[PDB]
Amino acid sequence: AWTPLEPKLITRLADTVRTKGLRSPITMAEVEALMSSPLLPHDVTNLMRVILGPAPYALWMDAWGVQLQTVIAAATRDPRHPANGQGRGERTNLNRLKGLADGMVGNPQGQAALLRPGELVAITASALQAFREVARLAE
Amino acid sequence: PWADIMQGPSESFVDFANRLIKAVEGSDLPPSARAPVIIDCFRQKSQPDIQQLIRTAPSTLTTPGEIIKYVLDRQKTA
Amino acid sequence: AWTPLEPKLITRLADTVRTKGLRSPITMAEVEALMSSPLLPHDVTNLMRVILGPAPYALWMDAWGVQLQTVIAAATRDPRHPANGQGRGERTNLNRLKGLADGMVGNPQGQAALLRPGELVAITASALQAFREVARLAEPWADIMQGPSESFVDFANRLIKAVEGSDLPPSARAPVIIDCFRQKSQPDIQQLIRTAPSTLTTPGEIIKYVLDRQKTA
Amino acid sequence: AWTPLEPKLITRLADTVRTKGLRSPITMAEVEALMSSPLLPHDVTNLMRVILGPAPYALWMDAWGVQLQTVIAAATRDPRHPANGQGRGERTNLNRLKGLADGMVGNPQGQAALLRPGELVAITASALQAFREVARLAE
Amino acid sequence: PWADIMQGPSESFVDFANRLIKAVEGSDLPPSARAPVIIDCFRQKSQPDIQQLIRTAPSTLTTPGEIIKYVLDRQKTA
Amino acid sequence: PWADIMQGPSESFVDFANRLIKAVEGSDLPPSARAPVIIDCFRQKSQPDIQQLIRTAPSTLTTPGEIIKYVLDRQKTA
Amino acid sequence: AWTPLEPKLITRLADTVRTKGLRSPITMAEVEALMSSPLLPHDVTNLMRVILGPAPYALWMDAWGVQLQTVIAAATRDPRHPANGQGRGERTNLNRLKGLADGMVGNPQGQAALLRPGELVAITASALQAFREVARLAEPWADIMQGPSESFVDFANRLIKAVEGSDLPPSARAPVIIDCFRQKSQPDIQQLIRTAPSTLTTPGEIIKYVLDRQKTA
Amino acid sequence: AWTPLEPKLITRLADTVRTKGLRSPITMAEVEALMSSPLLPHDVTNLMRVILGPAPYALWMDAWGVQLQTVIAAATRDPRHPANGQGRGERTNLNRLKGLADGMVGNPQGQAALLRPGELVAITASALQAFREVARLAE
Amino acid sequence: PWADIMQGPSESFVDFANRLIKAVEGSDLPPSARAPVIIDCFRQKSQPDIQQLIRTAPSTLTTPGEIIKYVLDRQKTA
Amino acid sequence: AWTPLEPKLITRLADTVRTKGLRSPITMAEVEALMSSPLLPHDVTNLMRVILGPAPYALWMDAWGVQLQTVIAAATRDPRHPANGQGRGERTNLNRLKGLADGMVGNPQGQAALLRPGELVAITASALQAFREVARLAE
């Protein structure tokens with residue numbers, strides 16, 4: 001069952017990003033805090049939509065896609081990925097990682113249903129690395 | 001209106017990109033038509049210094065994020 | 001049986017040569033078209049008399065004679081020429097090639113009677129090569145610069161035209177065109193080609209790259 | 001037996017390209033007209049040599065090669081290509097498509113002898129698509 | 001009249017040769033006297049630059065076509 | 001000191017690369033840390049024209065020799 | 001038994017490379033001289049370490065690897081390579097060519113023991129080609145003009161140097177040199193070459209003709 | 001067995017030609033010195049490539065060809081040439097003199113194998129006369 | 001004395017050639033040394049206009065008569 | 001037996017050439033008059049030495065040599081030349097025509113001894129044509 005993040009925490013994090021900036025160690029610590037439980041693509045996408053401005057959000061979408069593509073290359077380079085399965089029918093496509101696959105587009109409940117925990121942690125680590133890249137790039 | 005957005009003579013590029021992406025995504029366009037429109041608005045708006053900077057790109061930029069990164073790298077510091 | 005070429009086609013070809021010139025690729029294509037069936041010496045001679053002026057016609061007669069002489073040297077160097085025969089009595093003299101032999105002077109019917117198909121195709125190829133020589137002779141790449149106001153496609157057209165219509169070997173045109181794109185083509189495009197993350201190894205690829213990344217103005 | 005295209009039609013088409021340009025719908029209609037019967041590589045090559053200038057001709061050679069390479073990739077991806085055969089001995093190489101194979105270089109008669117009708121129509125469609133690309137690129 | 005034909009100061013050589021050969025072949029001369037007359041008119045008409053170009057020919061030119069080819073090869077591009 | 005080496009405004013690139021590789025290999029770094037340091041010093045030193053030349057590399061350069069070859073190919077002749 | 005190259009010859013070659021550069025014909029001749037006997041990977045590696053600077057040495061390592069890889073592709077394309085054997089157990093791996101195989105790393109004696117003469121000559125030719133590539137890379141013909149005050153032999157020297165030390169095929173240098181003599185080489189010499197009663201079909205003949213008939217000044 | 005000339009002697013001769021010029025009697029004496037043993041076409045060709053500039057090298061190639069052609073005319077005028085043999089199968093072609101014959105192109109070892117001593121001395125004398133001509137012509 | 005003969009600034013070329021050939025043939029030279037001396041005196045005397053006229057001879061002139069004919073053909077009428 | 005031409009006639013002809021020029025019809029008639037009997041190379045050579053200036057004499061020597069060479073080409077093209085004989089031992093060399101052969105150099109008596117009448121008339125016609133050429137060339 002999907003539970004959304006508190007809008008109070010999200011508002012506090014957005015104001016933190018607004019006053020301290022993207023690169024302060026306190027901001028990265030707060031992001032790591034709100035990045036503790038494995039989030040669904042819907043959660044991370046809406047979170048970055050709210051806390052980041054338009055241009056940093058575009059940059060972050062780009063960087064997240066690139067990092068997810070590196071993850072999928074490593075996944076096709078190793079059939080023992082915690083997102084993959086043993087047979088070929090469990091291979092994870094980027095539509096399933098970005099939340100674009102069938103039964104997931106716009107629906108967080110179905111998303112949480114079909115996604116694997118390894119998928120969730122890989123998406124989360126990818127999003128964190130992308131946030132770091134964009135923060136280092138913006139300023 | 002997205003088609004009326006110009007980069008002011010004194011405005012920075014990240015502010016212009018923010019305003020343009022905001023107005024394009026918060027509009028009546030289909031979701032599959034936002035990225036090409038944002039790119040072609042970066043190319044035709046964004047006063048002729050950045051226009052020529054994007055035009056003379058040895059690589060082909062096929063995403064608003066890539067265009068923003070390229071312009072932020074090679075922009076005229078002033 | 002001899003059938004003459006249509007004077008309508010000949011008139012159209014003559015006007016083509018008159019407006020486009022001798023060296024245009026459309027003119028050479030039209031000549032190749034009217035040079036499709038093997039022609040008798042009478043046909044080619046009258047054709048060149050009509051389409052060419054007096055001085056180009058003199059030049060063409062000279063060049064045709066020289067090429068036919070080269071053909072006859074190759075023929076005496078190989079008894080298996082499609083114009084020759086196996087015995088010595090079928091050896092082909094230049095009087096038979098130029099239409100000057102006995103029973104042929106001024107008579108196209110007798111010409112078509114005694115001539116061989118190999119003779120006809122050899123005469124035709126010789127006449128085509130002679131036309132090419134005279135066209136190259138009747139009418140400088142290293143002096144071509146891209147003007148300050150000229151576009152790049154016009155400069156590329158002019159340069160490729162002057163390089164391909166010159167005295168260079170066929171295997172030396174592409175490197176010369178590339179190195180002229182790099183050193184001519186005023187320093188904005190020079191730097192645009194210099195800072196190419198990929199290696200461009202063909203004039204078409206250079207043209208495509210420059211057209212993509214050119215400064216719209 | 002190979003029959004050449006009329007130089008009168010070719011001259012009219014060249015003047016059409018000269019006055020109207022490469023991208024006008026009348027020019028594309030005229031090209032489609034002269035692209036009606038399946039042409040041999042010799043025919044299309046000489047046609048583009050005559051109607052196009054030097055730089056558009058270079059661009060068109062590039063684009064034609066790329067499109068023919070895509071066709072050959074689809075052909076090795078499906079052994080039922082109208083240019084291919086059933087056995088491996090009928091596989092069509094790019095030397096046979098561009099007219100560079102043995103018994104074809106410079107000779108249109110031999111070309112017409114060895115080429116397949118599927119080969120001809122594939123070459124023709126490839127050349128038409130390449131012309132469209134170059135026309136969209138030149139202006 | 002063939003004997004009144006001169007190469008103009010600004011005229012090219014192929015035009016002069018065309019005009020001269022036309023006027024000589026369309027005249028009252030015998031057929032066996034046209035080539036020598038055309039040659040000797042190339043040598044004495046055809047203003048002194050081309051006159052000296054034909055005079056200093058290391059080879060002997062014995063045909064109007066050969067003279068035309070030689071002059072077209074070694075002519076002063078201008 | 002390797003971390004203080006900059007490419008001078010008038011210095012060529014091969015001299016800068018020679019000086020940098022000399023100072024990096026003749027230093028206290030482990031042997032397995034010289035190539036990444038040389039690459040990242042090529043990218044951040046080597047005044048912004050070559051910086052942008054290396055940045056806009058359609059291929060990924062993963063060796064000092066490859067970076068040197070690429071820069072020598074596409075450098076601004078001056 | 002392995003014998004090292006003299007450090008005196010190596011010092012002289014290093015100073016030659018230091019003063020004349022990498023691309024001078026004297027330097028390439030000296031390298032060919034010290035590349036006479038088939039060298040072991042150790043010898044060539046140390047030689048290039050000593051005579052080349054750090055950055056040219058990196059470039060040369062890259063180029064040597066690429067050329068050796070081409071050699072190994074040709075070797076797997078032909079089982080009759082003088083480095084290969086008849087059975088599959090003699091196939092030569094790049095670890096054996098670069099001296100990285102077992103029993104060879106750092107030991108020139110063992111290297112000389114296990115290596116084949118065909119292996120040695122292939123390694124040597126590969127290293128020579130790599131040196132040529134790097135020399136051509138470390139340091140434009142179509143931009144060369146004869147200055148208003150420059151003599152013709154200096155212009156010819158500069159032009160032939162820039163054309164032969166370029167990326168053109170070997171069969172395209174003479175026509176390019178001729179056509180550059182004709183279009184460059186300021187209009188006095190241009191007209192001198194144009195009005196040549198003989199046909200000049202070689203750069204040497206053009207140079208001789210121009211030197212004979214040049215305007216002494 | 002072929003032995004190359006010392007690059008030290010060649011460097012000294014090149015610097016002599018660079019400082020004294022082509023026509024000084026000391027330079028001609030040095031050339032005669034390095035022209036003592038009969039050289040293979042490879043040796044003389046590389047020697048003139050190194051000691052002479054580009055334009056003098058072109059002139060020297062021309063002059064060497066002309067002198068070798070005179071030698072071959074004298075050889076066909078006398079079947080007792082030290083380069084020729086008694087039968088017609090030993091007649092020496094210019095491809096064998098210039099090093100262009102089969103088994104010689106680029107290979108000095110094979111060159112030294114197939115060449116005659118009379119061939120070598122004729123090539124050497126021809127090259128010396130050509131050097132004299134070019135030196136008299138350059139200045 | 002033959003080696004002191006110069007073509008005067010106003011003198012024609014046939015007079016200079018007559019004087020030079022007279023002084024060379026009526027001197028103490030061997031008979032086999034007169035033609036080369038006459039040629040080399042035509043080339044070095046005979047004031048620089050004719051010197052350049054002889055220098056730029058597309059053909060090789062190997063006889064005093066041929067040099068005289070060439071110069072008389074291509075001389076500057078004045 | 002050789003008889004020299006009168007110096008009075010030669011002086012009158014020289015003054016005629018001096019006043020009327022080389023090309024006047026009276027001068028050519030006078031030359032034809034003094035060219036009536038077949039002259040030996042000595043006679044014609046001295047005659048042209050006396051009547052012509054230095055530069056016209058050089059031109060005339062050139063033209064006479066060229067015309068004699070044409071005559072010798074026609075002679076080797078026809079063994080029935082009045083200067084030639086039937087066997088190969090009577091073939092006439094240019095040394096015999098120009099008076100340079102053995103037993104003739106400087107001696108007019110020996111010249112008249114060994115020369116043929118056909119040789120004399122050929123030399124005379126050649127000299128007359130050369131005089132015509134030089135006269136047409138001088139003015």
# chains A, B, ... in the order shown; residues from 1 in each chain; ligands from 1
call {"tool": "calpha_fit_and_write", "arguments": {"fixed": "chain A", "moving": "chain H", "output": "mmCIF file with C-alpha atoms, in the first residue's frame"}}
result
data_model
loop_
_atom_site.group_PDB
_atom_site.id
_atom_site.type_symbol
_atom_site.label_atom_id
_atom_site.label_comp_id
_atom_site.auth_asym_id
_atom_site.auth_seq_id
_atom_site.Cartn_x
_atom_site.Cartn_y
_atom_site.Cartn_z
ATOM 1 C CA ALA H 1 -0.001 0.001 -0.002
ATOM 2 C CA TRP H 2 1.338 3.413 -0.994
ATOM 3 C CA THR H 3 1.582 6.178 1.602
ATOM 4 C CA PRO H 4 2.478 9.713 0.474
ATOM 5 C CA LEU H 5 5.158 11.815 2.089
ATOM 6 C CA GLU H 6 3.937 14.533 4.433
ATOM 7 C CA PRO H 7 3.394 17.887 2.705
ATOM 8 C CA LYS H 8 4.692 19.476 5.915
ATOM 9 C CA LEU H 9 8.083 17.783 5.549
ATOM 10 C CA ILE H 10 8.047 18.595 1.832
ATOM 11 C CA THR H 11 7.268 22.255 2.545
ATOM 12 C CA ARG H 12 10.068 22.437 5.110
ATOM 13 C CA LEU H 13 12.489 20.806 2.665
ATOM 14 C CA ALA H 14 11.413 23.185 -0.101
ATOM 15 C CA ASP H 15 12.054 26.194 2.126
ATOM 16 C CA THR H 16 15.411 24.697 3.117
ATOM 17 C CA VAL H 17 16.350 24.413 -0.559
ATOM 18 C CA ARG H 18 15.066 27.957 -1.072
ATOM 19 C CA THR H 19 17.175 29.565 1.672
ATOM 20 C CA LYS H 20 20.299 27.382 1.901
ATOM 21 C CA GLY H 21 20.537 26.377 -1.760
ATOM 22 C CA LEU H 22 21.049 23.052 -3.467
ATOM 23 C CA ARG H 23 24.641 22.346 -2.446
ATOM 24 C CA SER H 24 24.747 23.049 1.289
ATOM 25 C CA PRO H 25 25.590 20.001 3.432
ATOM 26 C CA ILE H 26 22.459 20.603 5.500
ATOM 27 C CA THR H 27 20.352 20.432 2.331
ATOM 28 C CA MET H 28 21.997 17.191 1.222
ATOM 29 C CA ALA H 29 21.455 15.784 4.717
ATOM 30 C CA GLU H 30 17.771 16.727 4.578
ATOM 31 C CA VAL H 31 17.445 15.109 1.148
ATOM 32 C CA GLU H 32 19.130 11.959 2.457
ATOM 33 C CA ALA H 33 16.615 12.054 5.316
ATOM 34 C CA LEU H 34 13.611 12.265 2.992
ATOM 35 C CA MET H 35 15.375 9.659 0.807
ATOM 36 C CA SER H 36 15.437 7.059 3.597
ATOM 37 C CA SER H 37 12.618 4.710 2.652
ATOM 38 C CA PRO H 38 12.631 3.393 -0.939
ATOM 39 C CA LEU H 39 10.396 5.736 -2.918
ATOM 40 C CA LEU H 40 8.296 4.962 -5.960
ATOM 41 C CA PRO H 41 9.015 6.871 -9.193
ATOM 42 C CA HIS H 42 5.853 8.867 -8.524
ATOM 43 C CA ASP H 43 7.134 10.000 -5.120
ATOM 44 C CA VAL H 44 10.592 11.081 -6.272
ATOM 45 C CA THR H 45 9.191 12.744 -9.385
ATOM 46 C CA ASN H 46 6.669 14.818 -7.438
ATOM 47 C CA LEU H 47 9.261 15.591 -4.750
ATOM 48 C CA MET H 48 11.702 17.004 -7.288
ATOM 49 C CA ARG H 49 8.835 18.817 -9.002
ATOM 50 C CA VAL H 50 8.014 20.593 -5.743
ATOM 51 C CA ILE H 51 11.434 21.312 -4.233
ATOM 52 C CA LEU H 52 13.268 22.228 -7.460
ATOM 53 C CA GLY H 53 12.602 25.112 -9.796
ATOM 54 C CA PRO H 54 11.741 24.553 -13.455
ATOM 55 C CA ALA H 55 15.254 24.638 -14.922
ATOM 56 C CA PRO H 56 16.872 22.540 -12.155
ATOM 57 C CA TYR H 57 13.960 20.133 -12.583
ATOM 58 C CA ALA H 58 14.707 19.762 -16.298
ATOM 59 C CA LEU H 59 18.388 19.204 -15.524
ATOM 60 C CA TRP H 60 17.433 16.647 -12.882
ATOM 61 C CA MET H 61 15.161 14.745 -15.255
ATOM 62 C CA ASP H 62 18.046 14.537 -17.727
ATOM 63 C CA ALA H 63 20.548 13.375 -15.106
ATOM 64 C CA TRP H 64 18.109 10.852 -13.622
ATOM 65 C CA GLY H 65 17.525 9.354 -17.052
ATOM 66 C CA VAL H 66 21.259 9.057 -17.691
ATOM 67 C CA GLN H 67 21.916 7.399 -14.332
ATOM 68 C CA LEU H 68 19.004 4.994 -14.818
ATOM 69 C CA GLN H 69 20.426 4.104 -18.234
ATOM 70 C CA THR H 70 23.783 3.314 -16.641
ATOM 71 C CA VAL H 71 21.920 1.146 -14.126
ATOM 72 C CA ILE H 72 20.117 -0.708 -16.917
ATOM 73 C CA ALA H 73 23.419 -1.275 -18.726
ATOM 74 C CA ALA H 74 24.867 -2.778 -15.550
ATOM 75 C CA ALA H 75 21.668 -4.839 -15.263
ATOM 76 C CA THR H 76 22.012 -6.290 -18.752
ATOM 77 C CA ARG H 77 25.668 -6.880 -17.825
ATOM 78 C CA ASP H 78 24.663 -8.979 -14.782
ATOM 79 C CA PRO H 79 21.529 -11.164 -14.595
ATOM 80 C CA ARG H 80 21.786 -11.132 -10.774
ATOM 81 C CA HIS H 81 20.566 -7.569 -10.303
ATOM 82 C CA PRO H 82 18.195 -7.178 -7.322
ATOM 83 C CA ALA H 83 15.859 -5.520 -9.829
ATOM 84 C CA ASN H 84 16.214 -8.365 -12.370
ATOM 85 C CA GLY H 85 15.090 -11.964 -12.091
ATOM 86 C CA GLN H 86 16.656 -15.261 -13.086
ATOM 87 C CA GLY H 87 14.708 -15.825 -16.285
ATOM 88 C CA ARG H 88 14.580 -13.407 -19.180
ATOM 89 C CA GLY H 89 10.935 -12.520 -18.432
ATOM 90 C CA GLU H 90 11.927 -10.487 -15.366
ATOM 91 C CA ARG H 91 14.363 -8.197 -17.180
ATOM 92 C CA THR H 92 13.648 -4.612 -16.147
ATOM 93 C CA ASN H 93 13.025 -2.051 -18.875
ATOM 94 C CA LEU H 94 13.440 1.694 -18.462
ATOM 95 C CA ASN H 95 9.674 2.080 -18.834
ATOM 96 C CA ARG H 96 9.359 0.117 -15.590
ATOM 97 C CA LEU H 97 12.057 2.168 -13.846
ATOM 98 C CA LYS H 98 10.796 5.611 -14.889
ATOM 99 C CA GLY H 99 7.235 4.511 -14.106
ATOM 100 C CA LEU H 100 6.226 4.534 -17.777
ATOM 101 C CA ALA H 101 5.399 0.826 -18.090
ATOM 102 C CA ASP H 102 1.898 -0.572 -18.462
ATOM 103 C CA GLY H 103 -0.319 -0.306 -15.389
ATOM 104 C CA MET H 104 1.901 2.354 -13.808
ATOM 105 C CA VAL H 105 1.470 5.619 -15.751
ATOM 106 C CA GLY H 106 -0.028 8.102 -13.295
ATOM 107 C CA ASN H 107 -1.143 5.442 -10.803
ATOM 108 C CA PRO H 108 1.034 5.165 -7.668
ATOM 109 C CA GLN H 109 -0.955 2.232 -6.254
ATOM 110 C CA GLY H 110 -0.362 0.029 -9.283
ATOM 111 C CA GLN H 111 3.221 1.289 -9.294
ATOM 112 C CA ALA H 112 3.760 0.061 -5.731
ATOM 113 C CA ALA H 113 2.065 -3.202 -6.721
ATOM 114 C CA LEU H 114 4.275 -4.238 -9.642
ATOM 115 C CA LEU H 115 7.623 -2.772 -8.546
ATOM 116 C CA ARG H 116 10.352 -4.784 -6.803
ATOM 117 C CA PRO H 117 12.211 -3.579 -3.688
ATOM 118 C CA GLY H 118 15.474 -3.811 -5.613
ATOM 119 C CA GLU H 119 13.852 -1.699 -8.313
ATOM 120 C CA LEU H 120 12.858 0.852 -5.681
ATOM 121 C CA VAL H 121 16.303 1.100 -4.100
ATOM 122 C CA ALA H 122 17.987 1.352 -7.512
ATOM 123 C CA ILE H 123 15.611 4.138 -8.573
ATOM 124 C CA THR H 124 16.249 5.900 -5.263
ATOM 125 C CA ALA H 125 20.047 5.715 -5.497
ATOM 126 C CA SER H 126 19.877 6.883 -9.115
ATOM 127 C CA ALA H 127 17.735 9.865 -8.128
ATOM 128 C CA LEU H 128 20.120 10.766 -5.305
ATOM 129 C CA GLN H 129 23.144 10.689 -7.608
ATOM 130 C CA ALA H 130 21.261 12.777 -10.175
ATOM 131 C CA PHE H 131 20.385 15.325 -7.498
ATOM 132 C CA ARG H 132 24.056 15.513 -6.536
ATOM 133 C CA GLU H 133 25.076 16.085 -10.160
ATOM 134 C CA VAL H 134 22.495 18.821 -10.718
ATOM 135 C CA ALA H 135 23.392 20.525 -7.442
ATOM 136 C CA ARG H 136 27.071 20.533 -8.413
ATOM 137 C CA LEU H 137 26.091 21.906 -11.828
ATOM 138 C CA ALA H 138 23.567 24.641 -10.903
ATOM 139 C CA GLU H 139 26.079 26.573 -8.739
#
call {"tool": "interface_residues", "arguments": {"of": "chain I", "to": "chain G", "cutoff": "8 Å", "atoms": "only C-alpha atoms", "output": "VMD selection string"}}
result
chain I and resid 52 55 to 59
call {"tool": "residues_around", "arguments": {"residues": "region 30-40 of chain B", "least_positions_apart": "6", "cutoff": "10 Å", "atoms": "only C-alpha atoms", "output": "ChimeraX atom specification"}}
result
/B:2-3,17,20-21,23-24,61-68
call {"tool": "atom_distance", "arguments": {"atom1": "CA of residue 45 (chain C)", "atom2": "CA of residue 135 (chain C)"}}
result
16.3 Å
call {"tool": "atom_distance", "arguments": {"atom1": "CA of residue 9 (chain G)", "atom2": "CA of residue 56 (chain G)"}}
result
20.3 Å
call {"tool": "residues_around", "arguments": {"residues": "residue 9 (chain B)", "least_positions_apart": "5", "cutoff": "12 Å", "atoms": "only C-alpha atoms", "output": "list in words"}}
result
residues 16, 45, 46, 47, 48, 49 and 50 of chain B
call {"tool": "atom_distance", "arguments": {"atom1": "CA of residue 28 (chain B)", "atom2": "CA of residue 4 (chain B)"}}
result
14.8 Å
call {"tool": "residues_around", "arguments": {"residues": "residue 78 (chain E)", "least_positions_apart": "5", "cutoff": "12 Å", "atoms": "only C-alpha atoms", "output": "PyMOL selection string"}}
result
(chain C and resi 140) or (chain E and resi 10-13) or (chain G and resi 187+190-191+194)
call {"tool": "write_last_selection", "arguments": {"atoms": "C-alpha atoms", "output": "CSV table (one decimal), in the first residue's frame"}}
result
chain,number,residue,atom,x,y,z
C,140,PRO,CA,41.1,27.6,-61.2
E,10,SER,CA,38.8,42.4,-76.2
E,11,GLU,CA,37.6,39.4,-78.2
E,12,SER,CA,38.5,35.8,-77.1
E,13,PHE,CA,40.4,33.5,-79.5
G,187,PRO,CA,51.1,35.5,-62.0
G,190,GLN,CA,51.8,31.4,-63.8
G,191,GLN,CA,52.0,32.9,-67.3
G,194,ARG,CA,51.0,28.5,-69.0
call {"tool": "residues_around", "arguments": {"residues": "residue 106 (chain C)", "least_positions_apart": "6", "cutoff": "9 Å", "atoms": "only C-alpha atoms", "output": "ChimeraX atom specification"}}
result
/C:42,99-100
call {"tool": "write_last_selection", "arguments": {"atoms": "N, CA, C and O atoms", "output": "PDB file, in the first residue's frame"}}
result
ATOM      1  N   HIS C  42      29.270   8.232 -90.950  1.00  0.00           N
ATOM      2  CA  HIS C  42      28.452   9.292 -91.523  1.00  0.00           C
ATOM      3  C   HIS C  42      27.598   9.966 -90.457  1.00  0.00           C
ATOM      4  O   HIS C  42      27.533  11.201 -90.388  1.00  0.00           O
ATOM      5  N   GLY C  99      35.430   5.976 -92.515  1.00  0.00           N
ATOM      6  CA  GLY C  99      34.502   5.974 -93.631  1.00  0.00           C
ATOM      7  C   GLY C  99      35.110   6.365 -94.953  1.00  0.00           C
ATOM      8  O   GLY C  99      34.377   6.741 -95.874  1.00  0.00           O
ATOM      9  N   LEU C 100      36.431   6.294 -95.082  1.00  0.00           N
ATOM     10  CA  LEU C 100      37.116   6.707 -96.299  1.00  0.00           C
ATOM     11  C   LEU C 100      37.412   5.550 -97.240  1.00  0.00           C
ATOM     12  O   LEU C 100      37.890   5.786 -98.357  1.00  0.00           O
TER      13      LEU C 100
END
call {"tool": "select_by_dssp", "arguments": {"residues": "region 68-163 of chain C", "states": "alpha helix (DSSP H)", "output": "PyMOL selection string"}}
result
chain C and resi 68-76+94-97+108-114+117-138+152-163
call {"tool": "residues_around", "arguments": {"residues": "residue 137 (chain G)", "least_positions_apart": "2", "cutoff": "10 Å", "atoms": "only C-alpha atoms", "output": "number ranges by chain"}}
result
F: 69, 72-73; G: 22-23, 56, 59, 131-135, 139
call {"tool": "decode", "arguments": {"residues": "region 29-65 of chain B", "atoms": "C-alpha atoms", "output": "JSON list (two decimals), in the first residue's frame"}}
result
[["chain", "number", "residue", "atom", "x", "y", "z"],
["B", 29, "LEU", "CA", -0.19, 21.26, -25.29],
["B", 30, "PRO", "CA", -0.15, 17.46, -25.33],
["B", 31, "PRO", "CA", 2.54, 15.88, -23.15],
["B", 32, "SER", "CA", 4.39, 14.53, -26.19],
["B", 33, "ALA", "CA", 4.78, 18.01, -27.72],
["B", 34, "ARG", "CA", 6.45, 19.89, -24.86],
["B", 35, "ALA", "CA", 10.10, 18.93, -25.37],
["B", 36, "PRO", "CA", 10.26, 19.81, -29.11],
["B", 37, "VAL", "CA", 8.49, 23.10, -28.43],
["B", 38, "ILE", "CA", 10.84, 23.94, -25.56],
["B", 39, "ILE", "CA", 13.86, 23.18, -27.75],
["B", 40, "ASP", "CA", 12.61, 25.20, -30.72],
["B", 41, "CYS", "CA", 11.78, 28.08, -28.38],
["B", 42, "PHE", "CA", 15.29, 27.95, -26.91],
["B", 43, "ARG", "CA", 16.60, 28.19, -30.46],
["B", 44, "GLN", "CA", 14.46, 31.06, -31.76],
["B", 45, "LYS", "CA", 13.99, 33.09, -28.58],
["B", 46, "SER", "CA", 17.00, 33.54, -26.26],
["B", 47, "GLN", "CA", 18.57, 36.66, -27.81],
["B", 48, "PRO", "CA", 20.96, 36.23, -30.73],
["B", 49, "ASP", "CA", 24.14, 35.66, -28.70],
["B", 50, "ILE", "CA", 22.71, 32.48, -27.19],
["B", 51, "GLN", "CA", 21.00, 31.77, -30.51],
["B", 52, "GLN", "CA", 24.39, 31.65, -32.22],
["B", 53, "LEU", "CA", 25.83, 29.75, -29.26],
["B", 54, "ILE", "CA", 23.23, 27.01, -29.74],
["B", 55, "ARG", "CA", 23.49, 27.12, -33.53],
["B", 56, "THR", "CA", 27.25, 26.48, -33.54],
["B", 57, "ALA", "CA", 26.99, 23.38, -31.36],
["B", 58, "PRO", "CA", 29.44, 20.74, -32.64],
["B", 59, "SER", "CA", 27.18, 18.13, -31.02],
["B", 60, "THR", "CA", 23.47, 17.69, -31.68],
["B", 61, "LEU", "CA", 21.39, 18.70, -28.66],
["B", 62, "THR", "CA", 18.16, 16.71, -28.48],
["B", 63, "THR", "CA", 16.85, 17.55, -25.00],
["B", 64, "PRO", "CA", 16.14, 20.77, -23.06],
["B", 65, "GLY", "CA", 18.43, 19.63, -20.25]]
